[PDB]
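Coordinate analysis (summary)
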Amino acid sequence: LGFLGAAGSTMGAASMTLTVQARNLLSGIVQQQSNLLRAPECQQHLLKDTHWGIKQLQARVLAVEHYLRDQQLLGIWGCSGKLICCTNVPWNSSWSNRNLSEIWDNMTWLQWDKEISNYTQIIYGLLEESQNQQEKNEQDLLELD
Amino acid sequence: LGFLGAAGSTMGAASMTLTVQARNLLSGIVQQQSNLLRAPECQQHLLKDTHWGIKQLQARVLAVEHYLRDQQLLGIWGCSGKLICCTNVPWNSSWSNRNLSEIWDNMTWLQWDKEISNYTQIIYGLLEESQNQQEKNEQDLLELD
Amino acid sequence: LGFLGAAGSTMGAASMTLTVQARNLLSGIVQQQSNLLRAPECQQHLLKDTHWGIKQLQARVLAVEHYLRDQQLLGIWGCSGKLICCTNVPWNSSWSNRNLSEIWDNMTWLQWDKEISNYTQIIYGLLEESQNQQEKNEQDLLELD
Amino acid sequence: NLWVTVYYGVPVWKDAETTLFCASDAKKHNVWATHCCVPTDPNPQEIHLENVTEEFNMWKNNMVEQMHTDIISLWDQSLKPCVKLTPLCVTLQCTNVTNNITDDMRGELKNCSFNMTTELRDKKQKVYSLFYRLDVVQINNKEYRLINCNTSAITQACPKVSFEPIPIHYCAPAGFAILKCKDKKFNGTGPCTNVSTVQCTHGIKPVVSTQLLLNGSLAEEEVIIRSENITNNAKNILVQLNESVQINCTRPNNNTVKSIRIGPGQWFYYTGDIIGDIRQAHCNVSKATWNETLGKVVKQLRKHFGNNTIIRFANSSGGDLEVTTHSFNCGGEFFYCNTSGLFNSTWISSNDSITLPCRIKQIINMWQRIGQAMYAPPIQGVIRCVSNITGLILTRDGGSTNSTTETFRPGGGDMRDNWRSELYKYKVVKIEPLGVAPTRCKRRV
Amino acid sequence: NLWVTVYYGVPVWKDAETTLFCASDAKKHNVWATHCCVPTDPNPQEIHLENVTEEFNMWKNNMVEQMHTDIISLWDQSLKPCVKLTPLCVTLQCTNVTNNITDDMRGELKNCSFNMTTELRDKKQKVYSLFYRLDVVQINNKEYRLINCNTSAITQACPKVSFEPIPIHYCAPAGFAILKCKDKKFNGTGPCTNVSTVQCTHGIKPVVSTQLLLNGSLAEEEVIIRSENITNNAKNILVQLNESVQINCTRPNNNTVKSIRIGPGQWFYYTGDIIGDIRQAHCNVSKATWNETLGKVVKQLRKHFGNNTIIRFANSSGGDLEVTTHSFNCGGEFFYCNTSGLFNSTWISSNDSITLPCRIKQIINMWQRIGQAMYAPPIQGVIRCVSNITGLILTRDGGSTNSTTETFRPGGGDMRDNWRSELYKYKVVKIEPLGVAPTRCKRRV
Amino acid sequence: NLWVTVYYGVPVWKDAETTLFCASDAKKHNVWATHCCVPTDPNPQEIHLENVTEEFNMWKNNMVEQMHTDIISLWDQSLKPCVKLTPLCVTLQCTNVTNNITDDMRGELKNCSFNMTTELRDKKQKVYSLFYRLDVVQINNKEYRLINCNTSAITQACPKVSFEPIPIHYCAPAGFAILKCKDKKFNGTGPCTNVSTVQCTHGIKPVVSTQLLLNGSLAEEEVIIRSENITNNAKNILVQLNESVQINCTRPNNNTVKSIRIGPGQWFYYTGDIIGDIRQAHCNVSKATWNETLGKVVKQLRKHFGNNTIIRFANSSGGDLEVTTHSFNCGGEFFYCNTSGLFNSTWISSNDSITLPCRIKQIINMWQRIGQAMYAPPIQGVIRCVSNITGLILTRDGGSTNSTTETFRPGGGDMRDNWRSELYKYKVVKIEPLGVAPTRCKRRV
Ligand SMILES: *[C@@H]1O[C@H](CO)[C@@H](O[C@@H]2O[C@H](CO)[C@@H](O[C@@H]3O[C@H](CO[C@H]4O[C@H](CO)[C@@H](O)[C@H](O)[C@@H]4O)[C@@H](O)[C@H](O[C@H]4O[C@H](CO)[C@@H](O)[C@H](O)[C@@H]4O)[C@@H]3O)[C@H](O)[C@H]2NC(C)=O)[C@H](O)[C@H]1NC(C)=O
Ligand SMILES: *[C@@H]1O[C@H](CO)[C@@H](O[C@@H]2O[C@H](CO)[C@@H](O)[C@H](O)[C@H]2NC(C)=O)[C@H](O)[C@H]1NC(C)=O
Ligand SMILES: *[C@@H]1O[C@H](CO)[C@@H](O[C@@H]2O[C@H](CO)[C@@H](O)[C@H](O)[C@H]2NC(C)=O)[C@H](O)[C@H]1NC(C)=O
Ligand SMILES: *[C@@H]1O[C@H](CO)[C@@H](O[C@@H]2O[C@H](CO)[C@@H](O)[C@H](O)[C@H]2NC(C)=O)[C@H](O)[C@H]1NC(C)=O
Ligand SMILES: *[C@@H]1O[C@H](CO)[C@@H](O[C@@H]2O[C@H](CO)[C@@H](O)[C@H](O)[C@H]2NC(C)=O)[C@H](O)[C@H]1NC(C)=O
Ligand SMILES: *[C@@H]1O[C@H](CO)[C@@H](O[C@@H]2O[C@H](CO)[C@@H](O)[C@H](O)[C@H]2NC(C)=O)[C@H](O)[C@H]1NC(C)=O
Ligand SMILES: *[C@@H]1O[C@H](CO)[C@@H](O[C@@H]2O[C@H](CO)[C@@H](O)[C@H](O)[C@H]2NC(C)=O)[C@H](O)[C@H]1NC(C)=O
Ligand SMILES: *[C@@H]1O[C@H](CO)[C@@H](O)[C@H](O)[C@H]1NC(C)=O
Ligand SMILES: *[C@@H]1O[C@H](CO)[C@@H](O)[C@H](O)[C@H]1NC(C)=O
Ligand SMILES: *[C@@H]1O[C@H](CO)[C@@H](O)[C@H](O)[C@H]1NC(C)=O
């Protein structure tokens, strides 16, 4: 469907394009930098114009930092290798008590993010604790055997 | 306990805060950058003052590089998804012949790092080789089946 | 054998040095930066000379971006934790119909890359789709159980 | 029995402010050919977003602020390596230019002489030159000085550098996307239902003007009147026309340009003399096109101010030329046109072109800043340019007593309005790929 | 049967040198209000480290060097866009200011006139102004020049920019942490057992002085004497008081400031004349507070030099004003006070304030560098400021023959000492989250 | 039944262009001691690549372009903080230096006087100095000006900064590697079978010259003639010798240097007078070494132009000194030597050193740019230097009618040729660790 082609799709259907969205950040970084590297005069511009050169580095550094921040969160939650991962944290009806079929078949991800936008930090804290406990349990199983 | 809250704790207890410490680097990067982004005059300062703008980028780039270096080491040792991982490299009494219970119940990580500070590069080389051998063995098992 | 020590080796033998090559990028980044950090006058140079300071940051940022791009590709293909990984994408004789034993025992990786240099983007697209399908299948197995 | 499932690569976003890339269409010495050095895509292919509604607000659009900052920065950089003209802050001996001069030009142009520096510190040269009166003021065969000498340094714009605007495309950095509104009736704010995502905007020429909006895009179907607040007389109204009005501008005097060294490679340009007679600079529009254009504007103003009320047009209320006249760059020359010839009508329930006399200035205080002033070198020969009026900046006087008659004037002058009128359809958002949702799935324990 | 287990997120660290963020407490034109643009946290919450002992060393603390570098850099930047005063390197015709002048001011202030530039190159103006003798030297109704003209360019500090120090907090970048020592008796080196971790230091005002340490923090409980080496007479002793001493400084002369253009927007400020009589600038402390303060210092010096030995105080040994006097910035004015009135006593086994006469200078060689000099514009009116002495920089003369009498003098002048005295409690460390340990666990094969 | 298997850490690479680090061997005030501040490894250990063949092309080697850019940038930076000499663009009153002057020096050196500025704007001083005729031109006891005053600003190179080249090593950034060709017969292009990988090149001294290549490396075994195209007379031929030729250069006149202030700390240096007689600067080579060297070059040229054909040498065809003479920096002085004494022979099927007279210039247009010119301050005393000729830049005249006689001349002058001749053995490649291959392995499902 293309980048954000699934934005108006319902969540269920939209999940089949997670790869499209996931790659867009670093792919875009290397292609944009390539267009810049392919123009020797533009490279001269990066040094000739101090402010422009700084603005470009700032933008690139920030883009990398955001990529990594999200990757670390997946890492600490035990989802580093997955686009889709299930965890051991139960869903709270206080975050949302909406019917599961509406959530996946009628709603889009944009609507959904709004639906639960004030619980993000709660869920993330819970995911962190759950994974921490799980890893300790795994070590105990290995010491036991 | 907070960031480094466990620094004076013994190693055993301290391991339960590995998540606290692990997240501090990238979390701090995005929050500090946010405070900078939220101050338009400060953004103007980044370009108006060439040296300040360079110092800030240098600090951010370096912080990212250290994050990644450590992540790669975990990667090559087969610990990319873990805060705690056991490996196939035996412990050498020549690095430390101290009692295991003192190490985990009485000593802190600061003390411990000093105890074995001259063997770090040895252990890391051994971990690298062990993982390399393991992955080849795994491929051989798949070709066999 | 050292960095690129295996470059003239055949592919089979060469695979035993994947760790050597894999670490060279970030290891080199931190050691080069260390040599720079260890020279206070050189640090003064980074700010005194605007163009030099920008060139150095540009080089470091680019090196990081390339590291990450490759890591993400391994991530989306389900190979984030491996130097060697097998997938569910069959090999096409249209890319290469050369004998497997020549490929691993006589040819070097340099020769091989040339042999299949025009199919890289095909293979990568196939790997992406295969992993996407696999992850959905895994979720379906968990919902089923 | 719902559990948290984490998804990465989720197609969602948030409003955001970032730095956009400036990219040209791959004009050898044009300042815009350079700088926006990263080339655009040959096909910046657009992706339509089916069933996506999003809210746009042109008066909160930070893309405008970025363009404004970049326009200023680029100009300051382009003048950085050029010859300073501070040696010109000398007393001048001036008289009236005497030639076959029309009535409207009497005293308009002055004939001045002065002692200028040369490449050697021990030598001076006598320079004879012509200046427009707007650039020269009295000190007390009379004593004059350049107008800028009591305020700021004057520098010469390099004659080899073109500032002719060419289309500029702004492109999002990776991690960001630009949402484009295709609603033909979009008035600058609120939800838009026909939205596509692009990596780059279309090209916008960075054309600068103060009253009439020149060389922009046209509206489809009808004239669109966009303002932050209709009833707020403190706000500007940006009117986007659905048809263009052609303007033919001239600087009828055939100028001879002289060039001297005033220092070591420091070349200075000035008007030496004028060939032929002296005529006033001016701009023409047909009366019919102009009158039809206003009739269309009025029909649309009436939807906001009443279709049984009276709309009249009047000229500028006051201020300096940079405020009261229509200013534009014509081939490097700077024109200040009297638009009272256009905004003179009352609307109620054989071209005879309107001729606007224009003044010319060489010392330009760009962006209305107090600081370094620019000297526009003279142009050899006769200048002609033709521009398209694609819009107007109007202000309502307000002060209304509900008399049923409202007055609009060619106000404005805020340069950001010139870009807001083109960038109104674009929004920048940050991509937020990570999120969670409930499902009947638990991690295997 | 122990195996290697790798742990990530280990709470350990190493000594490190990095770049800290400068952050203000969110003074419109103050140079310190700006620059340190990232705001501090409303609550830079501290985390105490239970059972952690760490070694601190204030004389090896690289936070001092960073502050020093940043102080210099900021000042050089703030003067960058200001008017240069190189047109003032002209011969001056000077006589003695003649008015109701007290004895201590005879010949102190000179009345000079000169030909100054104007906005036009063809015109000069006569300027009449007053200068302090310290800024003016003879060339041979006598011929004088400004003191800096044979060494470096002089530039005017912008009158609109305040340099008044405000508290500055330094914050660690992510990946680093600041360890704070709370040991009330900490002497600058060695282990500290009450240690907390913070992301930001408390605010330190970047106050500059040469002898008395002004507007710093006070010690708790007792006066603390800190020196790199007690018996090394080549080292400075930083004395931190546990009580403050108030100093009342004045510039009693009511000055009238004149301002002229010396070029295109180049405004220059100078003292035109003085209203009222002429008096010498001075600073007051009560005698009792000063004498009690020294008695406390002596009790503590005796723990290092013997409680049966004699401690005497004496004035500066020699050098320029920047070396021998107590220098400080009072509302933008620069004072050089004679502290011999303070350091005059021998300690063995009704305020009558001590008045220190002070000299004033307008040409300042900041940081004792040879290079661009700063011109401090005059201040209109009468200047008053009140400062707190929070410490002293003392040096022991040494050269001792074990006579049992030691002499201390108000030496120092090394600007880094002014900050070392506040940053002594902080250390910067790098976080090192990756490490290994033995355990009875093997990877499943 | 083959499947795709992905491998990471694959030892392969691609041609690439990146930025290299400049690193010195860890000359206090030498511009090359600084800048290339990152120290080299004590052992930049080389890794031989067994069974690797790679293609090199010295005329497409982008390492040359980087060095060129860095050489220019460093020089422009080093002159940035130095005294400008624009006050010297005054009229000069000049006569011929009259002393015991040899015939070859008659009119070569001029005795000039002028009014120079001082630290005060009101005072001038008379300066008497000597200039070489090449730096001074007539205006019309005769009137002269410095040659640069009608083109560009002249600045003084700081006398405290040394530009003496020291070995520079270029190092690849992480992610890149440098491949080094060890084939002793490598002619600049094509495959090389003895290839090693290094992180840093050997040190190359950034020696600048126009005709003879000085202080480079020598070829092993035989003279190697390398050119982009043998039969293209539009291309330069770089000849690398396998033996060195020693050149002894002198500036025989014992100069007395004077120094004055021309502004606030603005010290200016000039030759005041000369002690002893006046002699012409010159360079010596023995005739035997030079004649043997050419015989070797000819034997090798004959492999490309015929071993039964005639090779003759002739001097420069025309152009300015920067083009026609052999230019080099001798201890900070700038020499322009007449090489017609060397390139005068026809080759067919008791040292008597050749003496090349040399001219001296103080105003240098480095890199043949039009823009800021450099003033080389004079050097006190007598100058001696000894250099090694390690190569030649030759051009074939072409225009051949197959007469069997070809002519070669000491052409060139393109500074990049000086480095291409050393960097010819290095290539920069990007490491590409990710790739795929077939195998009998499928992921477990
Ligand atoms: C090709 O390579 C050769 C070397 O292999 C270069 O030749 C050298 O060039 C340098 C620079 O011109 C010469 O350095 C100068 O030497 C003068 C004489 O010094 C004598 O006494 C000292 C005592 O300590 C001995 O060490 C030395 O060997 C000599 O016997 C000095 O008076 C000069 O001083 C000036 O410069 C220094 C900074 O370098 C300042 O600090 C001083 O105040 C002063 O201004 C200087 O040191 C060197 O002697 C030459 N070597 C030889 C063997 O002759 C060629 O120049 C190079 N060719 C090209 C084209 O690059
Ligand atoms: C503008 O002023 C100049 C300067 O006086 C006039 O130039 C002179 O014209 C007379 C008559 O042709 C000549 O004899 C002189 O030699 C000219 N002087 C110089 C310095 O060139 C010029 O004519 C005036 N022009 C107008 C339109 O008033
Ligand atoms: C340029 O400078 C000369 C100075 O030589 C000016 O001519 C002088 O003008 C004054 C004022 O009337 C007379 O007192 C002098 O006798 C004149 N000198 C000579 C020799 O001409 C001249 O007017 C200046 N020109 C301008 C316009 O700047
Ligand atoms: C400082 O010098 C100035 C310059 O001479 C003195 O100003 C003159 O004072 C007399 C007496 O009141 C007036 O008649 C003159 O008109 C003033 N001249 C100018 C240029 O203003 C001033 O009085 C001197 N002040 C002191 C304290 O010595
Ligand atoms: C400013 O310049 C004028 C020059 O006009 C100086 O006054 C001259 O001084 C000299 C030296 O005594 C006399 O020979 C001239 O006759 C004076 N000229 C006139 C008309 O006054 C004046 O002294 C200078 N002022 C200062 C202090 O720089
Ligand atoms: C170069 O020119 C200077 C300037 O005239 C000559 O210096 C003078 O020499 C005579 C004779 O010895 C002295 O009496 C003068 O006092 C000197 N004048 C100055 C200003 O110093 C110098 O002799 C000339 N040199 C040559 C070689 O021609
Ligand atoms: C420096 O300036 C002085 C000006 O005082 C020059 O000397 C003058 O030269 C002119 C031209 O011959 C004479 O008309 C003056 O009478 C001279 N004045 C005096 C008092 O000497 C001098 O020639 C200049 N020197 C140089 C070489 O620049
Ligand atoms: C838009 O709505 C229609 C009607 O329900 C639906 O068939 C179509 O798939 C939707 N588009 C997207 C992107 O979900
Ligand atoms: C400090 O020591 C006491 C006494 O053994 C212990 O109870 C306490 O938990 C220790 N604190 C930490 C952080 O380990
Ligand atoms: C080079 O070729 C020889 C001969 O086949 C072989 O024995 C040797 O291992 C090869 N070198 C490498 C690096 O593969």
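In short, a report on the structure. (Residues numbered from 1 in each chain as written, not as in the entry; some residues may be left out. Chains lettered and ligands numbered in written order. Heavy atoms only, no water.)

A closer look at the arrangement of the chains
We apply this condition: Residues are treated as being in contact if the distance between any of their heavy atoms lies within 4.5 Å.
For chain C and chain E, which are not in contact, the least C-alpha distance works out to 9 Å. A gap remains between chain A and chain F, with no contact made and the closest C-alpha atoms lying 9 Å from each other.

Some details on the state of the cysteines
Put simply, the rule is: Any two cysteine sulfur atoms lying within 2.5 Å of each other are counted as a disulfide. Exposure classes here rest on a 1.4 Å probe applied to the protein chains alone. A residue is buried below 20% of its type maximum, exposed above 50%, and partly exposed in between.
All chains considered together, the criterion is met by 36 disulfides over all chains. Linked covalently through their sulfurs, C:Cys79 and C:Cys85 form a disulfide whose S-S length is 2.0 Å. Where C:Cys79 bonds to C:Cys85 through sulfur, the torsion about that S-S bond is close to 95°, and the disulfide is right-handed. A relative accessible area of 6% means that C:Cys85 is categorised as buried. One disulfide in the model links E:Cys337 with E:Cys358; its S-S distance is 2.0 Å. Its torsion about the S-S bond being 100°, the disulfide of E:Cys337 and E:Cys358 is classed as right-handed. Accessibility expressed as a relative area gives 3% for E:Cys358, which makes it buried.

A word on the site of ligand 2
Defined as follows: A single heavy atom is enough: if one lies within 4 Å of a molecule or strand, its residue is considered near that molecule or strand. Per-residue and other accessible areas follow the Shrake-Rupley method at a 1.4 Å probe size, with only the shown protein chains counted as cover for residues.
D:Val97, D:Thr98, D:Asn99, D:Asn111 and D:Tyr128 make up every residue found near ligand 2. In isolation ligand 2 has 600 Å² of accessible area, and contact with the protein removes 36% of it.

So, the site of ligand 8
Worth spelling out the cut-off: Two N or O atoms form a polar contact when they lie within 3.5 Å of each other; inside protein one atom must be a possible hydrogen donor and the other a possible acceptor, and for residues adjacent in sequence the pair counts only when both atoms belong to side chains. Throughout this entry, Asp, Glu, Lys and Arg are counted as charged residues, while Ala, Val, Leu, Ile, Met, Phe, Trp, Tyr, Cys and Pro are counted as nonpolar. The remaining residues, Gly among them, count as polar.
Surveying the vicinity of ligand 8 reveals the residues A:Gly8, A:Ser9, D:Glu50 and D:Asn51. At the site occupied by ligand 8, nearby residues are drawn from chains A and D. Taking A:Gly8, its main chain carries an N or O atom lying 3.2 Å from an oxygen atom of ligand 8. D:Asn51 has a polar side-chain atom sitting 2.5 Å from an oxygen atom of ligand 8. In isolation ligand 8 offers 370 Å² of accessible surface; the protein chains occlude 40% of this area. Grouping the amino acids of the shell around ligand 8 by side-chain chemistry returns no nonpolar, three polar and one charged.

Things to note about unusual backbone geometry
Residues and elements named next belong to chain F. What counts is decided by this rule: Runs of E in the DSSP output that reach at least two residues are strands. Runs of H or I that reach at least four are helices, and both are numbered from the N terminus.
Non-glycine residue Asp-352 carries a positive phi angle of around 45°. As for its position among the elements, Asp-352 is in the loop between strand 24 (345–347) and strand 25 (354–361). Although it is not a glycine, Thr-404 sits at a positive phi angle of roughly 80°. Summarising the element assignment, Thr-404 is placed in the loop between strand 28 (381–396) and strand 29 (405–409). Judged by relative accessible area, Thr-404 falls into the partly exposed class, the value being 41%.

Brief notes about the pairing of strand 29 (residues 405–409) of chain D
All names here are of chain D. Applied cut-off: What makes two strands pair is DSSP finding at least two bridges between them.
As defined by bridge partners, strand 21 (residues 310–313) adjoins strand 29 across four bridges and the pair is classed as parallel. Bridge assignment links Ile-310 to a residue of strand 29, and that residue is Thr-405. Of the strand pairs in this sheet, strand 28 (residues 381–396) and strand 29 are connected by two bridges, and their pairing is antiparallel. By the bridge assignment, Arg-396 is partnered in strand 29 with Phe-408.

Some words on the interface of chain D and chain C
Note the following rule: Throughout, the accessible surface (probe 1.4 Å) given up by two parts as they are put together, summed over both, is called the buried area. A side-chain nitrogen of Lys or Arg and a carboxyl oxygen of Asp or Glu constitute a salt bridge if their distance falls within 4 Å.
Each side of the interface is counted separately: chain D has seven residues, and chain C has four residues. Across the chain D/chain C interface, buried area totals approximately 460 Å², and carbon plus sulfur atoms make up 48% of it. Summed over the three residues of chain D that lose the most area to chain C, namely D:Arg440, D:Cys441 and D:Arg444, the buried surface amounts to 65% of that side. The partner of C:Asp145 in a salt bridge is D:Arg444, with the nearest N and O atoms 3.7 Å apart. At the junction of chain D with chain C, the criterion picks out one residue pair in polar contact. Grouping the constituent residues of the side of chain D that touches chain C by class yields two nonpolar, two polar and three charged.

Some details on the interface of chain D and chain A
The interface is formed by 47 residues belonging to chain D together with 60 residues belonging to chain A. Around 4,900 Å² of area is buried between chain D and chain A when both sides are counted, 66% of it from carbon and sulfur atoms. Connecting chain D to chain A are two salt bridges. Salt-bridge contacts for D:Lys14 lead to A:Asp113; the nearest nitrogen and oxygen are separated by 2.8 Å.

What about the packing of aromatic side chains?
Keep this limit in mind: Centres within 6.5 Å make a pair out of two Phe, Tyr or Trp rings, where for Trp the six-membered ring is used; the pair is then stacked when the planes are under 30 degrees apart, edge-to-face when over 60, and tilted otherwise.
Considering all chains together, one arrives at 51 aromatic pairs over all chains under this definition. Here the aromatic rings of B:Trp91 and B:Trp95 are separated by 5.1 Å at their centres, their planes lie at 90°, and the arrangement is edge-to-face. An identical accessibility class is assigned to B:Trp91 and B:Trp95; each is buried. Arranged with centres 5.5 Å apart and planes meeting at 70°, the rings of D:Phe305 and D:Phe408 form a pair that is edge-to-face.

Let's talk about the environment of F:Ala281
Residue and element names in this part refer to chain F. As for its placement among the helices and strands, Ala-281 is situated in strand 20 (residues 281–285). Taking the C-alpha atoms as reference points, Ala-281 and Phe-335, separated by 54 residues in sequence, lie 8.2 Å from one another. Apart from residues no more than four positions distant in its own chain, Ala-281 is found in contact with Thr-250, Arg-251, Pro-252, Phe-335, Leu-356, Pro-357, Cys-358 and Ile-360.

A closer look at the sheet that holds strand 13 (residues 176–181) of chain E
What holds strands together in a sheet is hydrogen bonding between their backbones, with the strands either parallel or antiparallel. Residue and element names in this part refer to chain E. If you trace the five strands from one edge of the open sheet to the other, you get 2-30-13-15-4, paired in antiparallel fashion. Here the strands that pair on one side only, and so sit at the sheet edges, are strand 2 (13–15) and strand 4 (47–48). In this structure, strand 4 lies alongside strand 15 (residues 195–198), joined through two bridges in antiparallel fashion. The residue bridging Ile-47 from the neighbouring strand is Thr-197, located in strand 15.

Structural notes on the sheet that holds strand 15 (residues 195–198) of chain F
Residue and element names in this part refer to chain F. The five strands are arranged 2-30-13-15-4 in an open sheet whose pairing can be described as antiparallel. Edge strands, defined here as strands with exactly one partner in the open sheet, are strand 2 (13–15) and strand 4 (47–48). The pairing of strand 13 (residues 176–181) with strand 15 spans four bridges and is classified as antiparallel. Paired with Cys-181 across the strands is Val-195, a residue of strand 15.

Observations regarding helix 7 (residues 120–144) of chain B
Short version of the rule: Each helix should span, by expectation, one fewer than its residue count multiplied by 1.5 Å.
When the terminal C-alpha atoms of helix 7 of chain B are compared, their 36 Å separation across 25 residues agrees well with the 36 Å that a helix rising 1.5 Å per residue should span. Along helix 7 of chain B, the residues that are buried comprise B:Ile123, B:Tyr124, B:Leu127, B:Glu128, B:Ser130, B:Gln131, B:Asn132, B:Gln134, B:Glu135 and B:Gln139.

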